[PDB]
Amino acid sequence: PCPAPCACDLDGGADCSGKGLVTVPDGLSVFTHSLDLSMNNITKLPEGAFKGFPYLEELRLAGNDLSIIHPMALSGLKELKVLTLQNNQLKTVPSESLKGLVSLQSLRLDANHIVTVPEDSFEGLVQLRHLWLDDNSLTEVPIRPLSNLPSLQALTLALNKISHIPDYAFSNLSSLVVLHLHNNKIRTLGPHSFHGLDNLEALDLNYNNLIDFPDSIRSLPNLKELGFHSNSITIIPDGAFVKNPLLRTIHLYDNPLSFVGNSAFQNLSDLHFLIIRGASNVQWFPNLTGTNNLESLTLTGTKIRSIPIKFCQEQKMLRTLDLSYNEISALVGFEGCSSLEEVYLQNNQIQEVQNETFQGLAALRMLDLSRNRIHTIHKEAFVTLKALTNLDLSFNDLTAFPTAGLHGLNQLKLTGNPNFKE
């Protein structure tokens, strides 16, 4: 039952890994399934080495240094559910080795050094679901071989050299759900590039070279999780998301934002988490009118000097608010935001706190007022926050710090007051 090196276990599963071997094991357990062959020095794969093993479900070839695979080495064994080839020296997609697996639901090609992706690749694999290509050398979205995969709901093209995505490049993946394009050279995206994926809930464009806002997402009806960050986008246009009412997540941070479209964040209603950071030129707090439900909001690095008087009327859902590092020169009622827990106002122009500013926040825990112009705190209400624990007043104009309702503070930061300096 147990070939010597391998650790024979459980019922079906076998573990030969770590360590460690060349070629295959002596003992053929013919009733075995779920083989782990990973983490060894295995130079090449001979044909028929996998013929001796039928019924097999999952196979792990990862962790090897593998230059080349025989086209018939996998024997065409029809029961293989998933194949992990990651972290190997494969210089190309072994499209010939992958033919005849109709049961394959998941493929790991990532961490290989792969440049060429043959046009006949992924043929017959229509049962395929989740595909890994990342930390490869790829310079272009492998369109045609990608079109043989109707059942694919998870694709990752990330950590590659891909600089441009042509229109209709994803056209034939009808079931796609998550697409990871992150960490590329991507500069331009075709207007129709995302045509074809009506099922995508998740788009990752982060850590790319983009210039203009990716309107290609206008073709994504089911989109929920969205990011494009550490890009060069200078502009978020009107009705940017208008075709995407199901977005619950948007990370746009670290983009040299300049103008933001008034109509851009309006009427979203599904939006939960919104992250903006490093937009140095944006002067006006976005119009969120229509977007009444937000758990978490972030505006950082802007020139915004003020906040909408009405902001907390409709925001009743909001747990976490970060306005740190802006130009904000004054404050406004935070009552009505009662769901609030973490509030970050540090590095602003705020000179005051008032009796009613924080009035009625039961949930407030962290409160960051450090690095501001604060001198006095009006009619001293922190009294109303029973939850308050971390409080940072460091570096302001304060000569006196009001104490009431400060019971149970674990951390309190008083430093740099008053400074003076001046």
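All residue numbers are counted from 1 along the displayed sequence.
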Higher mean Cα B-factor in the deposited model: 35-43 or 366-374?
35-43
Stretch exceeding the other in mean C-alpha B-factor - 13-21, 396-404:
13-21
Which of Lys185, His272, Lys78, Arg319 ranks first by CA B-factor in the deposited coordinates
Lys78
Whose C-alpha has the highest temperature factor in the PDB entry: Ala158, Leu104, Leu294, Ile143?
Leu104
Taking only the Cα B-factors deposited for this chain, tell me whether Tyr168 sits in the lowest, middle or highest third.
middle
Could you say whether, by C-alpha temperature factor, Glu335 belongs to the lowest, middle or highest third of its chain?
highest
So where's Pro256 on the chain's Cα temperature factor ranking, which third?
lowest
Check where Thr415 lands among this chain's C-alpha B-factors and tell me if it's the lowest, middle or highest third.
lowest
Among the chain's modelled residues, which third holds the C-alpha B-factor of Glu341?
lowest
